[PDB]
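Dumped data07.csv below, it's CSV, C-alpha atoms:
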```csv
chain,number,residue,atom,x,y,z
A,325,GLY,CA,-127.6,-9.4,13.5
A,326,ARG,CA,-126.3,-7.2,16.3
A,327,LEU,CA,-126.6,-7.8,20.1
A,328,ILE,CA,-127.8,-6.0,23.2
A,329,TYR,CA,-124.9,-6.0,25.7
A,330,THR,CA,-125.4,-5.6,29.4
A,331,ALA,CA,-122.5,-4.8,31.7
A,332,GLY,CA,-122.2,-4.7,35.5
A,333,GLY,CA,-125.1,-3.7,37.7
A,334,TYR,CA,-126.1,-4.3,41.3
A,335,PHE,CA,-127.9,-7.1,43.1
A,336,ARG,CA,-126.7,-7.8,46.6
A,337,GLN,CA,-123.5,-5.9,45.8
A,338,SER,CA,-122.1,-4.5,42.5
A,339,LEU,CA,-121.9,-7.1,39.8
A,340,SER,CA,-119.3,-7.8,37.2
A,341,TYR,CA,-121.3,-9.8,34.5
A,342,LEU,CA,-121.3,-9.1,30.8
A,343,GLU,CA,-124.2,-10.8,29.1
A,344,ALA,CA,-125.9,-10.3,25.7
A,345,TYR,CA,-129.3,-10.8,24.4
A,346,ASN,CA,-130.1,-11.7,20.8
A,347,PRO,CA,-133.6,-10.4,20.2
A,348,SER,CA,-134.1,-12.3,16.9
A,349,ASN,CA,-133.9,-15.8,18.6
A,350,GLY,CA,-134.2,-15.0,22.3
A,351,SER,CA,-130.9,-16.4,23.5
A,352,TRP,CA,-128.6,-15.0,26.2
A,353,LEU,CA,-124.8,-15.2,26.0
A,354,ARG,CA,-122.5,-15.5,29.0
A,355,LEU,CA,-119.5,-13.4,28.0
A,356,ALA,CA,-116.3,-12.4,29.9
A,357,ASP,CA,-116.6,-10.8,33.4
A,358,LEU,CA,-115.5,-7.2,33.9
A,359,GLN,CA,-112.2,-6.6,35.5
A,360,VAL,CA,-113.7,-4.9,38.5
A,361,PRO,CA,-117.4,-5.2,39.6
A,362,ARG,CA,-119.4,-1.9,39.0
A,363,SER,CA,-122.9,-0.5,39.0
A,364,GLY,CA,-124.2,2.9,37.9
A,365,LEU,CA,-121.7,2.7,35.0
A,366,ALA,CA,-122.8,3.4,31.4
A,367,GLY,CA,-122.2,1.5,28.2
A,368,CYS,CA,-121.7,2.7,24.6
A,369,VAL,CA,-120.2,1.4,21.3
A,370,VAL,CA,-117.6,3.0,19.1
A,371,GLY,CA,-116.5,1.2,15.9
A,372,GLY,CA,-117.7,-2.3,17.0
A,373,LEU,CA,-116.1,-2.1,20.5
A,374,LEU,CA,-118.1,-1.9,23.7
A,375,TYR,CA,-117.0,0.4,26.5
A,376,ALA,CA,-117.9,0.6,30.2
A,377,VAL,CA,-117.5,3.9,31.8
A,378,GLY,CA,-117.6,5.1,35.4
A,379,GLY,CA,-119.8,3.6,38.1
A,380,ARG,CA,-119.1,2.5,41.7
A,381,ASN,CA,-118.1,-0.8,43.3
A,382,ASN,CA,-120.6,-1.0,46.1
A,383,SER,CA,-119.3,-4.2,47.8
A,384,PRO,CA,-120.2,-5.6,51.2
A,385,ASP,CA,-117.1,-4.1,52.8
A,386,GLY,CA,-117.4,-0.5,51.5
A,387,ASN,CA,-117.7,1.2,48.1
A,388,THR,CA,-115.2,2.8,45.6
A,389,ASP,CA,-116.0,5.3,42.9
A,390,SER,CA,-114.8,4.4,39.4
A,391,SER,CA,-113.2,6.8,37.0
A,392,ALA,CA,-112.2,3.8,34.8
A,393,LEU,CA,-112.9,3.2,31.2
A,394,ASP,CA,-112.7,-0.4,29.8
A,395,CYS,CA,-113.2,-1.7,26.4
A,396,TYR,CA,-114.5,-5.1,25.3
A,397,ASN,CA,-113.8,-6.6,21.9
A,398,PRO,CA,-116.6,-9.0,21.0
A,399,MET,CA,-114.0,-10.7,18.9
A,400,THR,CA,-111.5,-11.6,21.6
A,401,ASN,CA,-114.1,-11.8,24.4
A,402,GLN,CA,-111.6,-9.6,26.3
A,403,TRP,CA,-111.7,-6.4,28.4
A,404,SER,CA,-108.7,-4.0,28.2
A,405,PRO,CA,-108.2,-0.9,30.2
A,406,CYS,CA,-108.2,2.5,28.6
A,407,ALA,CA,-107.1,5.8,30.2
A,408,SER,CA,-109.1,6.8,33.2
A,409,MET,CA,-111.3,9.8,33.5
A,410,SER,CA,-110.0,13.0,35.2
A,411,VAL,CA,-112.5,12.3,38.0
A,412,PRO,CA,-114.5,9.3,39.5
A,413,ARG,CA,-118.0,9.3,38.1
A,414,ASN,CA,-120.8,7.2,39.6
A,415,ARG,CA,-124.2,7.3,37.9
A,416,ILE,CA,-122.6,8.8,34.9
A,417,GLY,CA,-124.4,9.4,31.5
A,418,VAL,CA,-122.7,8.7,28.2
A,419,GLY,CA,-123.3,9.6,24.5
A,420,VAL,CA,-121.2,9.1,21.3
A,421,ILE,CA,-120.7,11.6,18.5
A,422,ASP,CA,-118.1,11.2,15.7
A,423,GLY,CA,-116.6,8.2,17.5
A,424,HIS,CA,-115.9,10.2,20.6
A,425,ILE,CA,-117.2,9.3,23.9
A,426,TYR,CA,-118.8,11.9,26.2
A,427,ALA,CA,-118.7,11.2,29.9
A,428,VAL,CA,-121.3,13.4,31.4
A,429,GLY,CA,-121.8,14.1,35.1
A,430,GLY,CA,-121.9,11.4,37.8
A,431,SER,CA,-120.9,11.5,41.5
A,432,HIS,CA,-117.7,11.3,43.7
A,433,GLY,CA,-118.7,10.8,47.3
A,434,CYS,CA,-120.6,14.0,48.0
A,435,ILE,CA,-119.4,15.8,44.8
A,436,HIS,CA,-122.1,16.0,42.2
A,437,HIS,CA,-120.3,16.9,38.9
A,438,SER,CA,-121.5,19.3,36.3
A,439,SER,CA,-118.2,18.7,34.4
A,440,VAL,CA,-118.2,16.8,31.1
A,441,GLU,CA,-115.2,15.1,29.3
A,442,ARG,CA,-114.6,13.6,25.9
A,443,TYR,CA,-112.7,10.4,25.0
A,444,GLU,CA,-110.8,10.0,21.7
A,445,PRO,CA,-110.1,6.3,21.1
A,446,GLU,CA,-107.6,6.8,18.2
A,447,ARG,CA,-105.3,8.3,20.9
A,448,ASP,CA,-106.5,7.0,24.3
A,449,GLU,CA,-107.2,10.4,25.8
A,450,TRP,CA,-109.8,12.3,27.8
A,451,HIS,CA,-110.3,16.1,27.5
A,452,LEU,CA,-112.4,18.3,29.7
A,453,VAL,CA,-115.0,20.2,27.7
A,454,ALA,CA,-117.5,22.8,28.9
A,455,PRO,CA,-119.4,21.9,32.1
A,456,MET,CA,-123.2,21.4,31.9
A,457,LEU,CA,-125.6,24.1,33.3
A,458,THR,CA,-126.7,21.8,36.2
A,459,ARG,CA,-124.7,19.3,38.4
A,460,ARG,CA,-126.2,15.9,37.4
A,461,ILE,CA,-126.1,12.4,38.8
A,462,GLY,CA,-128.3,9.5,37.6
A,463,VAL,CA,-128.6,11.4,34.3
A,464,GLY,CA,-130.0,10.0,31.1
A,465,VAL,CA,-128.1,10.9,27.9
A,466,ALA,CA,-129.1,10.9,24.3
A,467,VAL,CA,-127.5,11.9,21.1
A,468,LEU,CA,-129.6,13.5,18.4
A,469,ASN,CA,-128.7,15.4,15.2
A,470,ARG,CA,-125.1,15.5,16.3
A,471,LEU,CA,-126.1,17.1,19.6
A,472,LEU,CA,-126.0,15.6,23.1
A,473,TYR,CA,-129.1,15.9,25.4
A,474,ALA,CA,-128.6,15.6,29.2
A,475,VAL,CA,-131.9,14.6,30.8
A,476,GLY,CA,-133.1,14.5,34.4
A,477,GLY,CA,-130.9,13.4,37.4
A,478,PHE,CA,-130.2,14.8,40.8
A,479,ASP,CA,-128.2,17.9,41.6
A,480,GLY,CA,-127.1,17.2,45.1
A,481,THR,CA,-130.3,18.6,46.6
A,482,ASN,CA,-133.1,18.0,44.1
A,483,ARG,CA,-134.2,15.3,41.9
A,484,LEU,CA,-134.5,17.0,38.5
A,485,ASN,CA,-136.9,17.2,35.6
A,486,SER,CA,-134.8,19.7,33.7
A,487,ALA,CA,-132.9,18.9,30.6
A,488,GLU,CA,-129.9,20.5,28.6
A,489,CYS,CA,-128.5,20.3,25.1
A,490,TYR,CA,-124.7,20.4,24.3
A,491,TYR,CA,-123.4,21.9,21.0
A,492,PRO,CA,-120.0,20.4,20.3
A,493,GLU,CA,-119.1,22.6,17.4
A,494,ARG,CA,-119.8,25.7,19.7
A,495,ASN,CA,-118.7,23.9,23.0
A,496,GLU,CA,-121.7,25.3,24.9
A,497,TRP,CA,-124.9,24.0,26.8
A,498,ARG,CA,-128.5,25.3,26.6
A,499,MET,CA,-131.5,24.4,28.8
A,500,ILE,CA,-134.6,23.1,26.9
A,501,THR,CA,-138.2,22.5,28.0
A,502,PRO,CA,-138.3,20.5,31.3
A,503,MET,CA,-140.0,17.1,31.5
A,504,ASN,CA,-143.6,16.7,32.7
A,505,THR,CA,-142.3,14.3,35.4
A,506,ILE,CA,-139.3,14.7,37.6
A,507,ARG,CA,-136.8,11.8,37.0
A,508,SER,CA,-133.8,10.3,38.7
A,509,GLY,CA,-132.3,7.0,37.3
A,510,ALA,CA,-134.5,7.1,34.1
A,511,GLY,CA,-133.4,5.4,30.9
A,512,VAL,CA,-132.8,7.9,28.1
A,513,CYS,CA,-132.4,7.0,24.4
A,514,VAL,CA,-133.3,8.1,20.8
A,515,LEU,CA,-135.9,6.4,18.7
A,516,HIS,CA,-137.0,7.9,15.3
A,517,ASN,CA,-136.5,11.6,15.8
A,518,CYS,CA,-137.3,11.9,19.6
A,519,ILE,CA,-135.6,11.6,22.9
A,520,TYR,CA,-137.4,9.1,25.3
A,521,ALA,CA,-137.2,9.0,29.0
A,522,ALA,CA,-138.7,6.0,30.8
A,523,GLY,CA,-139.1,5.3,34.5
A,524,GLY,CA,-136.8,6.6,37.1
A,525,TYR,CA,-137.7,7.7,40.6
A,526,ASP,CA,-139.6,11.1,41.1
A,527,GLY,CA,-138.8,11.7,44.8
A,528,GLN,CA,-141.8,9.6,46.0
A,529,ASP,CA,-142.6,6.6,43.7
A,530,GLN,CA,-140.6,4.5,41.1
A,531,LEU,CA,-142.2,5.3,37.7
A,532,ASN,CA,-143.6,3.3,34.8
A,533,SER,CA,-144.4,6.3,32.6
A,534,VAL,CA,-142.7,7.1,29.4
A,535,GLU,CA,-142.4,10.6,27.8
A,536,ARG,CA,-140.7,11.8,24.6
A,537,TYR,CA,-139.3,15.1,23.5
A,538,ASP,CA,-139.7,16.5,20.0
A,539,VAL,CA,-137.0,18.9,19.0
A,540,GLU,CA,-139.2,21.1,16.7
A,541,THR,CA,-142.3,21.2,18.9
A,542,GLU,CA,-140.1,21.6,22.1
A,543,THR,CA,-142.9,19.6,23.8
A,544,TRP,CA,-142.8,16.4,25.9
A,545,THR,CA,-145.6,13.9,25.3
A,546,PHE,CA,-146.3,10.8,27.4
A,547,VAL,CA,-146.7,7.6,25.5
A,548,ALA,CA,-147.8,4.1,26.7
A,549,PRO,CA,-146.4,3.5,30.2
A,550,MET,CA,-144.4,0.3,30.8
A,551,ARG,CA,-145.9,-2.7,32.5
A,552,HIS,CA,-143.4,-2.6,35.4
A,553,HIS,CA,-142.4,0.4,37.4
A,554,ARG,CA,-138.6,0.6,37.4
A,555,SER,CA,-135.7,2.9,38.2
A,556,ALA,CA,-131.9,2.6,37.5
A,557,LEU,CA,-132.9,0.5,34.4
A,558,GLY,CA,-130.8,0.0,31.3
A,559,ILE,CA,-132.0,1.2,27.9
A,560,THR,CA,-131.2,1.0,24.3
A,561,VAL,CA,-132.7,0.8,20.8
A,562,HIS,CA,-132.4,-2.3,18.6
A,563,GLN,CA,-134.0,-2.0,15.1
A,564,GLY,CA,-136.7,0.6,15.7
A,565,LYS,CA,-137.5,-0.7,19.2
A,566,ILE,CA,-136.8,0.4,22.8
A,567,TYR,CA,-135.5,-2.2,25.2
A,568,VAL,CA,-135.5,-1.6,28.9
A,569,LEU,CA,-133.4,-4.0,31.2
A,570,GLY,CA,-134.2,-4.6,34.9
A,571,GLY,CA,-133.9,-1.8,37.5
A,572,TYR,CA,-135.2,-1.4,41.0
A,573,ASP,CA,-139.0,-0.9,41.6
A,574,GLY,CA,-139.2,0.1,45.3
A,575,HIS,CA,-139.3,-3.6,46.3
A,576,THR,CA,-137.2,-6.0,44.3
A,577,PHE,CA,-134.6,-6.1,41.5
A,578,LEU,CA,-136.2,-6.8,38.2
A,579,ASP,CA,-134.8,-9.3,35.7
A,580,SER,CA,-137.6,-8.3,33.3
A,581,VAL,CA,-136.9,-6.9,29.8
A,582,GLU,CA,-139.6,-4.9,28.1
A,583,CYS,CA,-139.7,-3.9,24.5
A,584,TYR,CA,-141.5,-0.8,23.1
A,585,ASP,CA,-143.0,-0.8,19.6
A,586,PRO,CA,-143.4,2.8,18.4
A,587,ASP,CA,-145.7,2.0,15.4
A,588,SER,CA,-148.4,0.6,17.8
A,589,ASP,CA,-147.5,2.5,21.0
A,590,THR,CA,-147.4,-0.8,23.0
A,591,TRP,CA,-145.0,-2.4,25.4
A,592,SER,CA,-144.5,-6.1,26.0
A,593,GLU,CA,-142.1,-8.5,28.0
A,594,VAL,CA,-139.7,-10.2,25.7
A,595,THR,CA,-137.4,-12.0,28.1
A,596,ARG,CA,-135.8,-12.1,31.6
A,597,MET,CA,-132.2,-11.5,32.4
A,598,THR,CA,-130.5,-14.5,34.0
A,599,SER,CA,-130.8,-12.6,37.3
A,600,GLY,CA,-132.5,-9.4,38.4
A,601,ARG,CA,-130.3,-6.3,38.7
A,602,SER,CA,-130.2,-2.5,38.4
A,603,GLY,CA,-127.6,0.2,37.4
A,604,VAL,CA,-126.3,-1.7,34.3
A,605,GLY,CA,-124.4,-0.2,31.3
A,606,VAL,CA,-126.2,-1.1,28.0
A,607,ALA,CA,-125.2,-0.8,24.3
A,608,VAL,CA,-125.7,-2.5,20.9
A,609,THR,CA,-123.1,-3.9,18.3
B,346,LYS,CA,-131.6,-2.1,55.8
B,347,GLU,CA,-131.4,1.4,54.3
B,348,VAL,CA,-131.6,1.5,50.5
B,349,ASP,CA,-131.3,4.4,48.0
B,350,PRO,CA,-134.8,4.4,46.6
B,351,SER,CA,-133.7,5.3,43.0
B,352,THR,CA,-131.3,2.4,42.6
B,353,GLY,CA,-132.0,-0.1,45.4
B,354,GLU,CA,-128.3,0.1,46.6
B,355,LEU,CA,-127.3,-0.1,50.3
B,356,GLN,CA,-126.4,2.7,52.7
```

Write-out of the structure in structure tokens:
Amino acid sequence: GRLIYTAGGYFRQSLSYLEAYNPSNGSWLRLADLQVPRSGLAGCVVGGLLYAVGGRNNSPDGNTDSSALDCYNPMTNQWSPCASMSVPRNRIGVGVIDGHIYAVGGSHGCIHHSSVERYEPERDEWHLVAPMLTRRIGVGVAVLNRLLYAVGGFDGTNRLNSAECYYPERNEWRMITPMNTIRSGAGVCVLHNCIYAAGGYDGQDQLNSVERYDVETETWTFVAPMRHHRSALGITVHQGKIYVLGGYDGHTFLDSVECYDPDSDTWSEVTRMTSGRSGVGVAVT
Amino acid sequence: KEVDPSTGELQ
């Protein structure tokens, strides 16, 4: 019985919460606060440990870009710093392959990164790998068949709909079919054998639509849209279902958590976070 | 206030 962890986020300022939802009985846990409040970070899990990567601390008296990596042990209910990234990375995307963490893109003030770096836990170290084809902030990331997909984002001029695929054995990137819809701050995950991208902001409106990529057809197909339009949401899969947490919808900060059932192509509301927020790092363990 | 439309954040 694994949990959905939610870390950081933003409400009136960047938050430092760590909370976890247990989908089999609907309860929320109030776990240890992060060391430093952060939103636009990403979360992932490696060998039962949760990690929070990048982001920004947008406080009321000015904002700092985070290059930090922190690790939480559900056993000790404790965070611990890990080596920092080579560079501050706000609105970063993250995927895991072979127990190695890929820190993809993000921002540093005006700098929109195309650089990617890899973290090896067994030796607390970050190593620059090959940069992506496009600079990307607010990028969704998804790992499939031992490859990493970078989806959507913003290049420092345009909000993107393009997507790339990284090949770790070859250390190189390749563009793939663009998405139907342009998407900044979408949630990107992997359910069954497809990459999903839900919500985001298209340059005009915050979206509720959900499209999925098929690796063999190379085509994107919309599926049932969500009930609530949202951007800078958190996403993850827990037992064959997609879970989306909060986000911003052009008006307020959502506390709403929707669940996607792929068999029946429907969405439903399964719970509310204890408080509405956007830009959270989400993972399962 | 001014808010980044894709995240809701300020400035």

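Interatomic distance, atom CA of residue 564 of chain A to atom CA of residue 499 of chain A: 27.7 Å.
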
For chain B against chain A, which residues fall within 7 Å using all atoms listed in the file, given as an MDAnalysis selection string?
-> chainID B and resid 350:353

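Take atom CA of residue 543 of chain A and atom CA of residue 427 of chain A: the distance between them is 26.3 Å.
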
One-decimal distance in Å that lies between atom CA of residue 327 of chain A and atom CA of residue 447 of chain A = 26.7 Å

I'd like the contact shell of residue 347 of chain B - 9 Å cut-off, only C-alpha atoms, skipping same-chain residues fewer than 5 positions apart - returned as a PDB file with C-alpha atoms, in the coordinates of the input.
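Once written, out16.pdb looks like this:
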```pdb
ATOM      1  CA  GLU B 354    -128.300   0.100  46.600  1.00  0.00           C
ATOM      2  CA  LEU B 355    -127.300  -0.100  50.300  1.00  0.00           C
ATOM      3  CA  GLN B 356    -126.400   2.700  52.700  1.00  0.00           C
TER       4      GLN B 356
END
```

Using all atoms listed in the file, determine which residues lie at most 12 Å from residue 496 of chain A, disregarding the query and same-chain residues fewer than 3 positions distant; provide the list as a list in words.
-> residues 440, 453, 454, 455, 456, 457, 471, 472, 473, 488, 489, 490, 491, 492, 493 and 499 of chain A

Write out the residues from the selection above, keeping C-alpha atoms, as an mmCIF file, in the coordinates of the input.
```cif
data_model
loop_
_atom_site.group_PDB
_atom_site.id
_atom_site.type_symbol
_atom_site.label_atom_id
_atom_site.label_comp_id
_atom_site.auth_asym_id
_atom_site.auth_seq_id
_atom_site.Cartn_x
_atom_site.Cartn_y
_atom_site.Cartn_z
ATOM 1 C CA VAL A 440 -118.200 16.800 31.100
ATOM 2 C CA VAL A 453 -115.000 20.200 27.700
ATOM 3 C CA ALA A 454 -117.500 22.800 28.900
ATOM 4 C CA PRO A 455 -119.400 21.900 32.100
ATOM 5 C CA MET A 456 -123.200 21.400 31.900
ATOM 6 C CA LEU A 457 -125.600 24.100 33.300
ATOM 7 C CA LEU A 471 -126.100 17.100 19.600
ATOM 8 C CA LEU A 472 -126.000 15.600 23.100
ATOM 9 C CA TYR A 473 -129.100 15.900 25.400
ATOM 10 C CA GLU A 488 -129.900 20.500 28.600
ATOM 11 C CA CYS A 489 -128.500 20.300 25.100
ATOM 12 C CA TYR A 490 -124.700 20.400 24.300
ATOM 13 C CA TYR A 491 -123.400 21.900 21.000
ATOM 14 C CA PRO A 492 -120.000 20.400 20.300
ATOM 15 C CA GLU A 493 -119.100 22.600 17.400
ATOM 16 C CA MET A 499 -131.500 24.400 28.800
#
```

Long-range neighbours of residue 377 of chain A as a PyMOL selection string, 7 Å cut-off, only C-alpha atoms, 2 positions minimum in chain | chain A and resi 365-367+375+379+392-394

Nearest residue to residue 466 of chain A from the set A:434, A:442, A:498, A:515 (distances using all atoms listed in the file) = A:515

Using all atoms listed in the file: which of A:330, A:348, A:408, A:533 has the shortest distance to residue 569 of chain A |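 Of A:330, A:348, A:408, A:533, the one nearest residue 569 of chain A, counting all atoms listed in the file, is A:330.
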
Box centre and edge lengths (Å, one decimal), axis-aligned, chain B plus 3 Å each side, as JSON:
```
{"center_x": -130.6, "center_y": 1.6, "center_z": 49.2, "size_x": 14.4, "size_y": 13.4, "size_z": 19.2}
```

Rank nothing, just name the residue among A:470, A:483, A:536, A:565 nearest to residue 423 of chain A, using only C-alpha atoms.
->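 Residue with the minimum atom-to-atom distance to residue 423 of chain A: A:470.
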